[PDB]
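Worksheet: one structure, shown below.
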Amino acid sequence: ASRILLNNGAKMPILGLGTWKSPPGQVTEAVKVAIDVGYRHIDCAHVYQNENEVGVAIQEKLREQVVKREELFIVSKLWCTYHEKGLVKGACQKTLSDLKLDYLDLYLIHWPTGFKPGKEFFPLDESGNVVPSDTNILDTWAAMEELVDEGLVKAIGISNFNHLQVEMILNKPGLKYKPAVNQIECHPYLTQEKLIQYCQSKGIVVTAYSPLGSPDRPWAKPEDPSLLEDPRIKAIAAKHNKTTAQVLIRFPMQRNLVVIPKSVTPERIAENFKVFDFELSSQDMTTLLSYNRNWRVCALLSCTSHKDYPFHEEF
Ligand SMILES: NC(=O)c1ccc[n+]([C@@H]2O[C@H](COP(=O)([O-])OP(=O)(O)OC[C@H]3O[C@@H](n4cnc5c(N)ncnc54)[C@H](OP(=O)(O)O)[C@@H]3O)[C@@H](O)[C@H]2O)c1
Ligand SMILES: O=C(O)COc1cc(F)ccc1C(=O)NCc1ccccc1
């Protein structure tokens with residue numbers, strides 16, 4: 001099936017288009033192309049600095065009647081400097097304004113780490129440490145719940161939450177809406193079995209980010225592992241007459257995950273969508289899982305001292 005049922009009753013397309021690092025001068029056409037070739041889910045964030053341009057594409061396709069709003073699933077994320085309960089609504093409204101929408105299908109707490117509010121996405125002390133917020137994440141969650149009740153978002157969720165942090169939300173006194181989704185890094189070098197099992201057992205859908213290993217991540221080093229160039233994954237792809245990227249996208253789909261590969265290249269946007277016509281064997285799946293190295297694309301040293309930094313825990 002092309003969609004997965006969320007715990008709010010809505011269906012979420014299991015394939016979406018990522019937009020982190022998509023240049024503002026290219027992302028409008030990227031999203032237009034994606035919608036033209038069948039994508040119905042776009043993953044966005046305020047911190048990506050391109051929501052206005054993403055919105056231009058969505059709006060044109062709605063105006064052109066290529067797709068109805070109800071058929072789209074648009075996701076964005078609350079940045080760390082907006083965890084203060086009194087700032088959450090305004091942050092959501094800014095994202096809605098930029099995307100030119102009157103609701104989001106899903107709004108995520110981007111990271112469990114709250115930062116000092118202000119214009120800077122990463123406010124630093126004079127010694128280079130990120131400056132935290134004293135806001136409790138349970139209070140941030142209550143503010144997210146208000147967005148559902150005010151009609152700004154259809155679903156709320158979390159991102160980069162470790163299992164104890166997910167548990168904190170699930171155990172929140174007076175919890176009104178469970179998180180619908182936990183969006184986490186996941187690919188054959190960071191397979192996330194423990195966290196995935198935990199979330200799924202609680203009815204939380206997992207979205208896999210950086211499924212191709214984020215080769216355009218700005219902190220990449222030449223000697224880093226490369227999923228797209230792994231000869232073992234290439235061999236599995238060859239067996240199926242698919243590309244390595246297509247195998248990397250199909251892999252999380254067969255684990256009942258949502259997956260959000262990013263591209264601004266029209267040929268690749270189309271390629272990445274052509275993943276509903278083959279099946280990896282159980283053996284293929286277990287073989288891909290065996291490549292786990294606990295290797296993370298997404299982490300940040302400046303935030304490792306933050307009390308809510310998610311990656312000290314095993315999972
Ligand atoms: N919640 C979070 O904290 C978080 C963190 C990271 C990512 N994300 C989300 O997840 C999305 C995906 O992750 P990502 O952007 O880190 O990396 P990714 O999707 O794993 O990889 C993107 C890179 O792969 C290239 N690529 C795409 N398709 C390809 C294909 N078929 N063949 C060869 N190369 C291909 C892209 O190049 P071109 O664009 O030049 O074609 C780009 O350099 C992000 O854009 C964002 O929406 C969320
Ligand atoms: O956060 C994303 O979606 C992708 O990464 C970025 C995307 C951006 F646009 C800007 C920054 C980052 C970044 O460094 N993230 C790592 C991080 C952020 C916050 C707390 C702990 C680790």
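Letters for chains follow the order of the structure tokens (A, B, ...), residue numbers begin at 1 for each chain, and ligand numbers begin at 1 in the order shown.
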
Given a cut-off of 6 Å, what residues near ligand 1 show up using only C-alpha atoms and all ligand atoms, put as a short mmCIF file (atom, residue, chain, number, x, y, z; two decimals) with N, CA and C atoms, in the first residue's frame?
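Printed below is pocket_0.cif as written:
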data_model
loop_
_atom_site.label_atom_id
_atom_site.label_comp_id
_atom_site.auth_asym_id
_atom_site.auth_seq_id
_atom_site.Cartn_x
_atom_site.Cartn_y
_atom_site.Cartn_z
N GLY A 18 12.31 14.80 0.56
CA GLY A 18 13.05 15.62 1.49
C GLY A 18 13.50 16.93 0.88
N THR A 19 13.68 17.95 1.73
CA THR A 19 14.03 19.28 1.26
C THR A 19 15.19 19.95 2.01
N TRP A 20 15.82 19.25 2.95
CA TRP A 20 17.00 19.81 3.60
C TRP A 20 18.15 19.90 2.59
N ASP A 43 8.54 16.65 2.96
CA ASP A 43 9.11 16.88 4.28
C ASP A 43 9.85 18.21 4.29
N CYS A 44 9.42 19.11 5.19
CA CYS A 44 9.90 20.48 5.26
C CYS A 44 10.40 20.80 6.66
N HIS A 110 11.35 19.19 16.19
CA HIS A 110 12.48 18.82 15.33
C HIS A 110 13.58 18.06 16.08
N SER A 159 10.88 14.09 16.58
CA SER A 159 11.97 13.75 15.69
C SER A 159 13.26 13.73 16.50
N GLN A 183 10.41 10.78 13.64
CA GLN A 183 11.27 10.83 12.45
C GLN A 183 12.73 10.76 12.90
N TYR A 209 14.86 9.18 7.93
CA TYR A 209 15.55 10.25 7.23
C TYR A 209 16.97 9.88 6.83
N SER A 210 17.56 10.68 5.94
CA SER A 210 18.86 10.38 5.33
C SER A 210 18.98 8.93 4.84
N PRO A 211 17.97 8.44 4.10
CA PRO A 211 17.99 7.02 3.72
C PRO A 211 19.12 6.66 2.75
N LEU A 212 19.68 7.66 2.07
CA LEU A 212 20.78 7.44 1.13
C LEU A 212 22.12 7.77 1.77
N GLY A 213 22.10 8.09 3.06
CA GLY A 213 23.30 8.45 3.79
C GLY A 213 23.71 9.91 3.63
N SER A 214 22.80 10.74 3.14
CA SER A 214 23.03 12.18 3.03
C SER A 214 24.40 12.55 2.44
N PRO A 215 24.68 12.09 1.20
CA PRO A 215 26.00 12.40 0.64
C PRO A 215 26.31 13.89 0.50
N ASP A 216 25.30 14.75 0.50
CA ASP A 216 25.52 16.20 0.42
C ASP A 216 25.56 16.90 1.78
N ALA A 245 20.13 3.49 -5.11
CA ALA A 245 19.21 4.39 -4.44
C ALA A 245 17.82 3.78 -4.29
N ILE A 260 11.94 9.40 3.24
CA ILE A 260 11.92 10.75 2.66
C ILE A 260 13.22 11.15 1.95
N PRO A 261 13.60 10.42 0.89
CA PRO A 261 14.82 10.78 0.16
C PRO A 261 14.75 12.20 -0.41
N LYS A 262 15.86 12.93 -0.33
CA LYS A 262 15.94 14.28 -0.88
C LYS A 262 16.63 14.26 -2.24
N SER A 263 16.07 14.99 -3.20
CA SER A 263 16.77 15.32 -4.43
C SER A 263 16.22 16.60 -5.02
N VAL A 264 17.10 17.33 -5.70
CA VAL A 264 16.67 18.44 -6.55
C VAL A 264 16.93 18.14 -8.02
N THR A 265 17.31 16.91 -8.33
CA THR A 265 17.60 16.50 -9.71
C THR A 265 16.38 15.82 -10.29
N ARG A 268 16.46 12.04 -10.79
CA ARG A 268 16.54 11.29 -9.54
C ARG A 268 15.23 11.34 -8.76
N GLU A 271 13.32 8.70 -10.47
CA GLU A 271 13.92 7.41 -10.14
C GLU A 271 13.52 6.96 -8.74
N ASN A 272 13.61 7.87 -7.79
CA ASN A 272 13.36 7.56 -6.39
C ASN A 272 11.91 7.16 -6.11
#

> DSSP says alpha helix (DSSP H) for which residues of stretch 149-301 of chain A? Put them as a PyMOL selection string?
Replying inline: chain A and resi 149+163-170+193-201+231-239+244-253+266-273+282-289

> So which one's closest to residue A:4, A:207, A:305, A:292, A:140? Using only C-alpha atoms, please.
Replying inline: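 Comparing A:207, A:305, A:292, A:140 against residue A:4, the winner is A:207.
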
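Pairwise distance (atom 3 (O, counted along the ligand's line) of ligand 2, atom CA of residue A:22) equals 12.0 Å.
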
>> Would you compute the distance between atom CA of residue A:42 and atom CA of residue A:72? Give it in Å to one decimal.
In response: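 Straight-line distance from atom CA of residue A:42 to atom CA of residue A:72 works out to 8.1 Å.
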
> For residue A:26, which residue among A:300, A:248, A:54, A:45 is the nearest when counting only C-alpha atoms?
Replying inline: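 Closest candidate: A:54.
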
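For residue A:208, the set of protein, DNA and RNA residues having any atom at most 9 Å away, when counting only C-alpha atoms and skipping those fewer than 6 positions along the same chain, is residues 182, 183, 184, 185, 186, 187, 252, 257, 258, 259, 260 and 261 of chain A.
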
Dump N, CA, C and O atoms for the selected residues as a JSON list (two decimals), in the first residue's frame?
[["chain", "number", "residue", "atom", "x", "y", "z"],
["A", 182, "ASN", "N", 7.65, 9.36, 14.93],
["A", 182, "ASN", "CA", 9.01, 9.74, 15.33],
["A", 182, "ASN", "C", 9.88, 9.64, 14.07],
["A", 182, "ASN", "O", 10.01, 8.56, 13.49],
["A", 183, "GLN", "N", 10.41, 10.78, 13.64],
["A", 183, "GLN", "CA", 11.27, 10.83, 12.45],
["A", 183, "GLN", "C", 12.73, 10.76, 12.90],
["A", 183, "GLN", "O", 13.20, 11.61, 13.65],
["A", 184, "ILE", "N", 13.43, 9.72, 12.44],
["A", 184, "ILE", "CA", 14.79, 9.43, 12.90],
["A", 184, "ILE", "C", 15.68, 9.04, 11.73],
["A", 184, "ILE", "O", 15.19, 8.58, 10.70],
["A", 185, "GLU", "N", 16.99, 9.19, 11.90],
["A", 185, "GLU", "CA", 17.93, 8.74, 10.89],
["A", 185, "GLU", "C", 17.86, 7.22, 10.78],
["A", 185, "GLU", "O", 17.88, 6.52, 11.80],
["A", 186, "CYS", "N", 17.80, 6.68, 9.57],
["A", 186, "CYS", "CA", 17.75, 5.23, 9.43],
["A", 186, "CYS", "C", 18.15, 4.81, 8.03],
["A", 186, "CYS", "O", 17.62, 5.33, 7.06],
["A", 187, "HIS", "N", 19.09, 3.86, 7.95],
["A", 187, "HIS", "CA", 19.64, 3.36, 6.69],
["A", 187, "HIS", "C", 20.47, 2.12, 7.05],
["A", 187, "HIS", "O", 20.59, 1.79, 8.23],
["A", 252, "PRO", "N", 13.57, 0.65, 3.81],
["A", 252, "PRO", "CA", 12.72, 1.06, 4.94],
["A", 252, "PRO", "C", 11.23, 0.83, 4.69],
["A", 252, "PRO", "O", 10.48, 0.56, 5.62],
["A", 257, "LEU", "N", 8.20, 1.46, 7.50],
["A", 257, "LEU", "CA", 8.61, 2.83, 7.74],
["A", 257, "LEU", "C", 8.16, 3.73, 6.60],
["A", 257, "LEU", "O", 7.93, 3.27, 5.48],
["A", 258, "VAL", "N", 8.06, 5.01, 6.89],
["A", 258, "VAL", "CA", 7.95, 6.06, 5.89],
["A", 258, "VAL", "C", 9.38, 6.48, 5.56],
["A", 258, "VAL", "O", 10.26, 6.42, 6.43],
["A", 259, "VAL", "N", 9.65, 6.89, 4.31],
["A", 259, "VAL", "CA", 11.00, 7.27, 3.92],
["A", 259, "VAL", "C", 10.96, 8.52, 3.05],
["A", 259, "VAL", "O", 10.06, 8.69, 2.22],
["A", 260, "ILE", "N", 11.94, 9.40, 3.24],
["A", 260, "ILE", "CA", 11.92, 10.75, 2.66],
["A", 260, "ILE", "C", 13.22, 11.15, 1.95],
["A", 260, "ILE", "O", 13.87, 12.13, 2.33],
["A", 261, "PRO", "N", 13.60, 10.42, 0.89],
["A", 261, "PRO", "CA", 14.82, 10.78, 0.16],
["A", 261, "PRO", "C", 14.75, 12.20, -0.41],
["A", 261, "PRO", "O", 13.71, 12.61, -0.94]]
